[PDB]
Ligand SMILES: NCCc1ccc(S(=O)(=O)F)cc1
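Next up: a single chain in structure tokens, the form deposited without this ligand.
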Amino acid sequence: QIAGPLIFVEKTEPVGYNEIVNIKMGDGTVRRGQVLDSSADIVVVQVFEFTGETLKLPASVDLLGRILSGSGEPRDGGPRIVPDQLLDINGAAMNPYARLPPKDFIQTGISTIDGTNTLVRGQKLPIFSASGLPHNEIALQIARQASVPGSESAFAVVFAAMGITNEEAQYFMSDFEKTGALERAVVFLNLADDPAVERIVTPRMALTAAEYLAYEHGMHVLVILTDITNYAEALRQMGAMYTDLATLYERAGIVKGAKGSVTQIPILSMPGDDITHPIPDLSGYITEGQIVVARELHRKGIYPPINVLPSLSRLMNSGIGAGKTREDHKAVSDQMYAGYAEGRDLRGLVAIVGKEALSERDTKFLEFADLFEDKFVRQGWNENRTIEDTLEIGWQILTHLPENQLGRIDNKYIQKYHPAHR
């Protein structure tokens, strides 16, 4: 009973609980069977190591501009979905992923990720959050801001929602259209009242969309997946999941031809006390780092309440330095990392020895931390700060420190750009 998989067939013939199916794969050779659960249109299988095509997504460039269900049903009101191609969703049978590392920077436009732990083409960088926090708000901002600068390959987004409230539905369905962010993105909208199975096929159909656009066309796609704790919830439940999620997080990367990529940012929250878990081990997703939405910053009323230094990007160096963003980048990042860390420490012995007993030096760091969260972290629902707006904002507030104790900034960079030497 321990066996993993969970493949999605499409109901062609009426089926029954745990009947053997033994069917398909997108190449013509198949093995293994046994139904687990189903709905009016689609069948979840699950297997071990009649009949019976794998569920396929209507593949077309005309997807862009449309708004879909977990099953890809025209939710935007318009006509049907006339498909150029028609491909297997459930981890496909395409595997368009080249054995290469991720590379070259993505401009989210928000500085607490672009400038301090940069999202890189073909990464998985989850938005580590919690109930109440504005992680959806901070997500669908970067849905209409993001781009790949100077990249010869065009850019595309796949926003995907899993079992959201039917009210916050036509919210996301409006923050697009208005901005014109839609006519660049395919949306996959799942509601809490949609058949529970739909929620489990919402990520696959999203991921499958991204792969068609990234490989068949030579594009850079970003896939945001809001509230993956609703996915874990949807799964009847656990066990024996841990491999089932690996089918999801495997589906990110740079494609063959190195002329496109699948880039992944899911949001992993936790509400308070979970039902019959508490959920989970989503730690299979963070393998390349994560970004941290914090309550501490939210509470004192700053946006986005992102906390650097708990946040991490492992592949940052593979899309940062010379002729990608700017040379000084990593060197500016080290100082703000260290200065905010060393400054966040001095908020401590402020409260242990009063605001005095605190050397002049330390008052600058103490203040830098204030300036850091005021200028650097704080950002409008919009201001699409480019890496250059971001990096210079950095120097703008790095000038509250003295020098030499800026020991992570290479003198070659201060003397080049530091607001004291043109």
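Start at 1 and count along the sequence shown; that's the residue number. Superpose the two forms; the largest set of C-alphas matching within 1.5 Å is the rigid core.
Participant: Can you tell me how many deposited residues have no coordinates between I275 and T276? The categories are none, 1 to 3, 4 to 9, and 10 or more.
Facilitator: Per the record, no deposited residues are absent between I275 and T276.
Participant: Which fits the stretch between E49 and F50: none, 1 to 3, 4 to 9, or 10 or more deposited residues lacking coordinates?
Facilitator: Per the deposited record, the segment joining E49 and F50 lacks coordinates for 10 or more residues.
Participant: Can you tell me which stretch has the higher mean Cα B-factor, 214-222 or 266-274?
Facilitator: Taking the mean B-factor of the alpha carbons in each, 266-274 is higher.
Participant: Out of 150-158 and 169-177, which one has CA B-factors that are higher on average in the deposited record?
Facilitator: Per the PDB record, 169-177.
Participant: Please say which third, lowest, middle or highest, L191 falls into when its CA temperature factor is compared across its chain.
Facilitator: Within its chain, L191 is a middle-third residue by C-alpha B-factor, going by the deposited values.
Participant: Looking at the entry's B-factor column for C-alpha atoms only, identify whether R236 ranks in the lowest, middle or highest third of its chain.
Facilitator: Tercile = highest for this residue's CA B-factor.
Participant: By the recorded C-alpha temperature factor, relative to the other modelled residues in its chain, which third is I113 in?
Facilitator: Answer is lowest: the recorded C-alpha B-factor places it there.
Participant: What third of its chain, lowest, middle or highest, does the C-alpha temperature factor of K56 fall into?
Facilitator: Its C-alpha B-factor belongs to the middle third of this chain's values.
Participant: Taking the entry's C-alpha B-factors for this chain, is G260 in the lowest, middle or highest third?
Facilitator: As the PDB entry reports it, the C-alpha B-factor of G260 lands in the lowest third of its chain.
Keep in mind that the form solved in complex with this ligand is missing from the display, and what follows is about it.
Participant: Which is the contacting stretch out of 358-366, 30-38, 388-396, 58-66, given heavy atoms within 4.5 Å of this ligand in the deposited bound form?
Facilitator: So the stretch in question is 30-38.
Participant: Given that the partner is absent here, does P14 sit within 4.5 Å of this ligand in the deposited bound form, heavy atoms only?
Facilitator: Yes, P14 sits close enough to this ligand in the deposited bound form that at least one of its heavy atoms falls within 4.5 Å.
Participant: Which residue in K103, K256, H277, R347 stands out, with a C-alpha shift of 2 Å or more between the shown form and the other one when both forms are set on the rigid core?
Facilitator: After core superposition, the single residue displaced by 2 Å or more is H277.
Participant: Kindly indicate if, in the deposited bound form, the C-alpha atoms of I275 and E198 are closer or farther apart than in the structure shown, bearing in mind the change is 3 Å or more.
Facilitator: Farther apart in the deposited bound form, by 3 Å or more.
Participant: Closer or farther: how do the Cα atoms of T276 and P134 compare in the deposited bound form relative to this form, given a change of at least 3 Å?
Facilitator: The answer is closer, because the C-alphas of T276 and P134 approach each other in the deposited bound form by 3 Å or more.
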